[PDB]
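**Q** part one of the assembly, not moved from where it sits:
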Amino acid sequence: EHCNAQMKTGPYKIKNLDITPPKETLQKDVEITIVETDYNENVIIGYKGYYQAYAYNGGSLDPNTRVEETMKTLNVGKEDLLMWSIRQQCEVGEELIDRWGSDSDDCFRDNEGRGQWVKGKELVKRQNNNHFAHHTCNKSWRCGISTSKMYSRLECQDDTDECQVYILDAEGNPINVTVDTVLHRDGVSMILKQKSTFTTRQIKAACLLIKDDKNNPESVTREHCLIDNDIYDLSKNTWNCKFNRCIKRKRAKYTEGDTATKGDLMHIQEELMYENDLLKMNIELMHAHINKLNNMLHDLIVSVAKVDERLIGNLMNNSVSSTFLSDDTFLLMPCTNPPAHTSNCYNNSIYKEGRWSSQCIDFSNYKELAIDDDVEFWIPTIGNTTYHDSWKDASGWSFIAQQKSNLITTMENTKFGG
Amino acid sequence: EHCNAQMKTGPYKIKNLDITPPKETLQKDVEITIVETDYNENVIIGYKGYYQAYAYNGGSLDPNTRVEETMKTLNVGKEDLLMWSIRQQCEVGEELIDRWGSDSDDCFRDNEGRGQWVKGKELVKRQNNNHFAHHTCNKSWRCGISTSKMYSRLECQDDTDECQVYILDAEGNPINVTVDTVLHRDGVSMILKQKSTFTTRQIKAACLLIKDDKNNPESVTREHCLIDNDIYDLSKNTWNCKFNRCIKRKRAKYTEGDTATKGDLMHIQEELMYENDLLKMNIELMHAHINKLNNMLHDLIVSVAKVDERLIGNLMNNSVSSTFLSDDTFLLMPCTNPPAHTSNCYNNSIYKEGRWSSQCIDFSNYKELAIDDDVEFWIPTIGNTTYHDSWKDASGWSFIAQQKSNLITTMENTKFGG
């Protein structure tokens, strides 16, 4: 307290800190529509066919000495296909081995394939022509039935809010498979067991809103919403559709079920690493600030303690009286007091410090004065996630792949039907 | 205030809190080089071949009675391959069915395959030998052309900062496919439409730096950098290369495009769950600390309010005067004041409290005194990510797979060419 008076600077006033209105807003009870189908649908897959070798032996002289070979693949019709499913069995015609002479014609009798009921059956590539001056016939049948699964994809229109369940091939393209008409594709016959069925559900959900477009401080740049402890982006108010589900705030190749790459995982991993280090930086940046503030509160204490001998005791929550030596340093002595002071008189005529009989009140029943707000933080439990299969994993498509492969193998091992 | 004097402890001084210099540093304007190619490159894929059955019938007696079968796969040359691409068509020779007698030799006339232009064509495995004392020839042609895509992989050397675009097979290995020479592989002929072209881009980017090696408190253990609202690790100052892009702060199997596993997803999911719970713990740990501090500030208030009757009013931002009963408890009365006091005199001779005519100043124009720093938090918008296809999804490789399969099927259905 010895100062140059000829240098008074001012007038001054303490700069209060900016209280910024939050750009991220929590909105409760946001109305949301969920539309969902079965992950996969039951598809009846059936195939049929025969390999035939009709031959005639007139010796080397005859131009009619030949072995005509055919491998017909047949379609299976709606009613048969259904029957096949019900029965977990498929129907073929009779196996004709070495039917020669006048029996050469058993071959042309049945081209639908009737009378044999098997679990399944594969061709045998049988052929012979060792009956001189005669025709020889061999005709082997193949057969297969499966009620397999194929992946659904739900889709809804923002125009009309109408939805449809698409059935996808191994590559993510929808395919025309219906309940009323058999589809013939990849050498096979396909029909739906069930008309594809969906369902809607209405909810009120908690959404985090973000308004960080400086030009449009009211435009909502991102919205994250809690659907059953799982987070979703619903910023765009178009229908949001993936796999078997569609969500909204009240035909080309689909792509979500494509196989993901290790490389994109690793980037998500780096993003996670980043988030962790981002958490640490900001937490510590906040830590440091508070500590600075804490220390200001210290400078406050030492100053006001020179007048208030019992303050340090209060702060430490233990009754002790302080005696200062400098502004900086001080001493402590133990104390304990009669705490039952509930009125403010005894035989009163301005008695105690800070100056303490209607001007004489008992304060047993008093109320808390709220001069502060507590902050409340919103960090809900998350992580109820679903994993979906890639589109190349459909049980139905591998079934189709299997019979295709089985045919390839049997049709290259020639058999003698004698 | 009744204390044991014989127990003075000290001298004491209030322990200030450690202000830790931040280990995570933000560095602005970090110079960065981006090198990028097309995700995929256009590859002309062409294939050709014939199946031939040259037979002679001299009866069972003749050892020369035989059916010689061959299936040649041919190479397609640079110029033809280009022509094929331009024309979306491929060229084959004439289809020879049942050419016997003196026409047996049509077979050997054309082995290049000229004169027929088709969109594409598959073999027919035709054969016969029913012309006694004569040779019989059948020769069927196959044909295919596609200008498909195959995935690029960029690579740069830290030595010399030279880059190259590699074209990968379905397994992630580079393959020698050039603009000047046709590559013959997997029974097919391949050439590039275009010389592989890249491009560079220089940027200044914001990077988060981390120095958490206790032994080397200056070594930078991790660096995360913002490239167009997407986060990258550039701690190592080697070239960072994935898929079609390379980044740097100014031949074996590649691996990023391998298919990722559900299991590694789930771990990333658990890491996310962890981060969320890590956020909650630390936020609340900070919450609690501040509340403790807030309550200290309360003990301060009650003490200094015994001298300052208008303080509580100021804090609550409403004019009220306080009267204390104990140290703890107090009463309130309403007030409102004339706020236009801009000088500090009236007819002044030490008038108001705290003691308030050159010693008499008007303070209309005053300045804010900055005794505090605001903290500033760095949490930029992220999430502009790219997804890449797995290496088994290249349109070009499935084309090659397709023709391979088509050949397999046709070469096991024998036809009679009579």
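**A** Perfect, thanks for sending it. Numbers count the residues shown, from 1 in each chain, chains lettered A, B, ... in the order given.

**Q** contacts only, for whichever residue of the stretch 101-250 of chain A sits closest to chain B.
**A** For the stretch 101-250 of chain A, the residue closest to chain B is residue A:212, as judged by C-beta to the nearest C-beta, at 6.8 Å. C-betas here are computed from N, CA, C, even on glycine. Applying C-beta atoms under 8 Å, 6 or more residues apart in numbering or on different chains to residue A:212 gives the contacts A:23, A:221-222, B:381.

**Q** filter these down to the buried ones, ChimeraX style.
**A** Entered in ChimeraX, the line below selects the buried ones among the contacts of residue A:212, by 16 or more other C-beta atoms under 10 Å in any protein chain shown:
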select /A:222
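
**Q** specify which member of the contacts of residue A:212 is nearest to residue A:257.
**A** residue A:222 (25.4 Å; C-beta to C-beta).

**Q** I figured the closest one hits residue A:211, correct?
**A** No. Residue A:222 lies out of contact with residue A:211 (C-beta atoms under 8 Å); the separation is 9.0 Å.

**Q** could you confirm residue A:177 falls within a strand?
**A** No. Read with DSSP: H, G, I helix; E, B strand; the rest coil, residue A:177 is coil and lies in no strand.

**Q** distance check, it against residue A:36.
**A** Distance, residue A:177 to residue A:36, by C-beta to C-beta, to the nearest Å: 20 Å.

**Q** more neighbours: the two, which one.
**A** residue A:177 (23 against 17; other C-beta atoms under 10 Å in any protein chain shown).

**Q** I figured that one hits residue A:190, correct?
**A** Yes. Using C-beta under 8 Å, residue A:177 is in contact with residue A:190, at 5.3 Å.

**Q** any common contacting residues for those two?
**A** Counting by C-beta under 8 Å, 6+ apart, the residues touching both residue A:177 and residue A:190 are A:43, A:183.

**Q** who in the stretch 1-150 of chain A is up against chain B?
**A** By the rule C-beta under 8 Å from any C-beta of the partner chain, the part of the stretch 1-150 of chain A lying against chain B is A:10-15, A:17-18, A:60-69, A:71.

**Q** out of these, which are buried?
**A** A:60, A:65-67, A:69, A:71.

**Q** which ones among the residues you listed map onto strands?
**A** Secondary structure from DSSP state E places A:66-67, A:69, A:71 of these in strands.

**Q** so what's residue A:268 up against?
**A** residue B:268.

**Q** repeat the analysis, applying 10 Å as the threshold.
**A** Contact analysis of residue A:268 by C-beta atoms under 10 Å, 6 or more residues apart in numbering or on different chains lists A:260, B:260, B:264-265, B:268, B:271-272, B:385.

**Q** include secondary structure and distance to residue A:182 when you put the contacts of residue A:212 into CSV, please.
**A** Listed next are the contacts of residue A:212 as CSV, based on DSSP: H, G, I helix; E, B strand; the rest coil; distance: C-beta to C-beta, whole Å:
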residue, secondary structure, distance to residue A:182
A:23, coil, 58
A:221, coil, 50
A:222, strand, 47
B:381, coil, 52
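
**Q** the following sequence is to be added as chain C:
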Amino acid sequence: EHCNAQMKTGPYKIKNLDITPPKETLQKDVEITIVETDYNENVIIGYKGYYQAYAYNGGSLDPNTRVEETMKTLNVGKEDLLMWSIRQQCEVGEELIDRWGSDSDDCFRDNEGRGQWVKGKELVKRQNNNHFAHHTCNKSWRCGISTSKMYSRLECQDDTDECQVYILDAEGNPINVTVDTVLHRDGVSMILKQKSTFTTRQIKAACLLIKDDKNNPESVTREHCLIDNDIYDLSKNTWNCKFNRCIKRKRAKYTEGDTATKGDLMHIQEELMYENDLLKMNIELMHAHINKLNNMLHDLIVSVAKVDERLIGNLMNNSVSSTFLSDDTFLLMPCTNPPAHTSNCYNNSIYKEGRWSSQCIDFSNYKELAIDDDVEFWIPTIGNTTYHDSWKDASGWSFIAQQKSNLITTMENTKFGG
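**A** Following on from the chains above, chain C is added here:
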């Protein structure tokens, strides 16, 4: 200070803020058992077979004029299979081309395949019957050996804490492949080079514990544990097993190695986006609160500065004296003081302010009074992650796929063995 006395409200007391006991607890030195096997195991894969065409030519008259074709696939036995591995070679019988007449019987001599040692070998589908009144024999051999890899899966029982290493097929099912018995599957013979071996490791690890079930405030709803700078969920105290490793706090299709989808990646991406915006909201929500608190500390300052002229100087850490004009506004003058005051006397009789020779102490050696706690934040380094291959990538299964394909191709190109 002019107030309506007829409206005293009270008695009041300042509401302290709730200090909430943390629901997320850090527990150190949690005992954990790790069990681990090799990622993959060495599997000896061997295959063998022949294609035979035994024919007889008695002319068109003879019913015995026929070409009997067979393609046997053989099993390879334990000892041979081992020998094959050691030698990187496989054994076949002699190639018989056009052995006719009395040599027709070379065909039936050797059906095991002995005497030829090759790196590998493929069939040639050779056949002829151009020797009148004689049998003709052709028999070609195929051969293949690989010591390939197949993926391990570790599994442990909570009952008995016994573990086993399973060897998986391309679809994630375990297969019965042992050291003592050859397995015959997919037209091939398989045996283990090595008995499958695991190993255990005990650690003490730091775990984050969470108790957020309101009904059971002691139940531990989630536990995240650090295993070598990588985070794991060990809430459930069952064995946790994925791929080749099992962890615990002291046969159907396995699924972790299935291919993950782009769609599930994108959701993880949205979760990350969410976390970032969640970090920002909460950080800023905390920022705002502190600033409010900071400003309270300002109202405190101005009040107590009216009594303490040197306080503002202390806070700003520079010696200056304050003179007030209103309650709000003030002026500053420069100062600097003799700081060596280490006793509290000179020629003392109640000298300085706040009232400052055994009642006369030197304070060179004083101690810091801890009236505060620093908070300590726990954000450990993470991100030592492992990536695993999908189950369709096993070198051993593609080897099996390869020979299968090679056979398909050779068995549809007929050759004349004359």
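
**Q** and the contacts of residue A:212, now that chain C is part of it?
**A** With C-beta under 10 Å, 6+ apart, residue A:212 has these contacts: A:23-24, A:219-222, B:381, C:277, C:280.

**Q** now for the residues you listed, which pair is the farthest apart?
**A** Farthest pair in the contacts of residue A:212, by C-beta to C-beta: A:219 and C:280, 17.2 Å.

**Q** count the neighbours of the residue in the stretch 201-350 of chain A positioned nearest to chain C for me.
**A** Using C-beta to the nearest C-beta, the closest approach of the stretch 201-350 of chain A to chain C is made by residue A:256 at 3.1 Å. Using other C-beta under 10 Å, residue A:256 has 20 neighbouring residues.

**Q** that one contacts residue A:240, doesn't it?
**A** No. Residue A:256 is not in contact with residue A:240 according to C-beta atoms under 10 Å; the separation is 11.5 Å.

**Q** who touches both of the two?
**A** Counting by C-beta under 10 Å, 6+ apart, residue A:256 and residue A:240 have no contacts in common.

**Q** now the helices for the stretch 301-418 of chain A?
**A** For the stretch 301-418 of chain A, the helices defined by DSSP state H, counting those that start in this stretch cover A:311-315, A:395-410.

**Q** what's the longest one packed up against?
**A** The one in question is helix A:395-410. strand A:40-57, strand A:134-156, strand A:188-192, helix B:395-410, helix C:395-410 (3 or more C-beta pairs under 10 Å, 6 or more residues apart in numbering or on different chains; DSSP states H and E).

**Q** residues from the stretch 101-250 of chain A in reach of chain C?
**A** A:125, A:127-133, A:208-210, A:212, A:221-226, A:230-233, A:242-243 (C-beta under 10 Å from any C-beta of the partner chain).

**Q** inside strands: which ones of the residues you listed?
**A** A:125, A:127, A:208-210, A:222-226, A:231-233, A:242.

**Q** and the buried ones among these, selectable in ChimeraX?
**A** Buried subset of those, written as a ChimeraX selection, criterion 16+ other C-beta under 10 Å:
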select /A:125,127,208,209,210,222,223,224,225,226,231,232,233,242
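
**Q** determine which two of the ones in strands among the residues of the stretch 101-250 of chain A next to chain C are furthest apart.
**A** The most widely separated members of those, counting by C-beta to C-beta, are A:127 and A:209 (74.8 Å).

**Q** need the contacts of residue A:212 in a markdown table with distance to residue B:47, can you?
**A** Conversion of those to a markdown table gives the following (distance: C-beta to C-beta, whole Å):
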| residue | distance to residue B:47 |
| --- | --- |
| A:23 | 60 |
| A:24 | 59 |
| A:219 | 55 |
| A:220 | 55 |
| A:221 | 52 |
| A:222 | 50 |
| B:381 | 50 |
| C:277 | 53 |
| C:280 | 56 |
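
**Q** if we take the residues you listed, which one ends up nearest to residue A:43?
**A** The nearest one, if we look at the contacts of residue A:212 relative to residue A:43 and count by C-beta to C-beta, is residue A:222, at 39.2 Å.

**Q** give the contact list for that closest one.
**A** Contact analysis of residue A:222 by C-beta under 10 Å, 6+ apart lists A:24, A:208-212, A:233-236, B:381, B:383, C:270, C:273-274, C:276-277.

**Q** having no further points to raise, I will conclude here.
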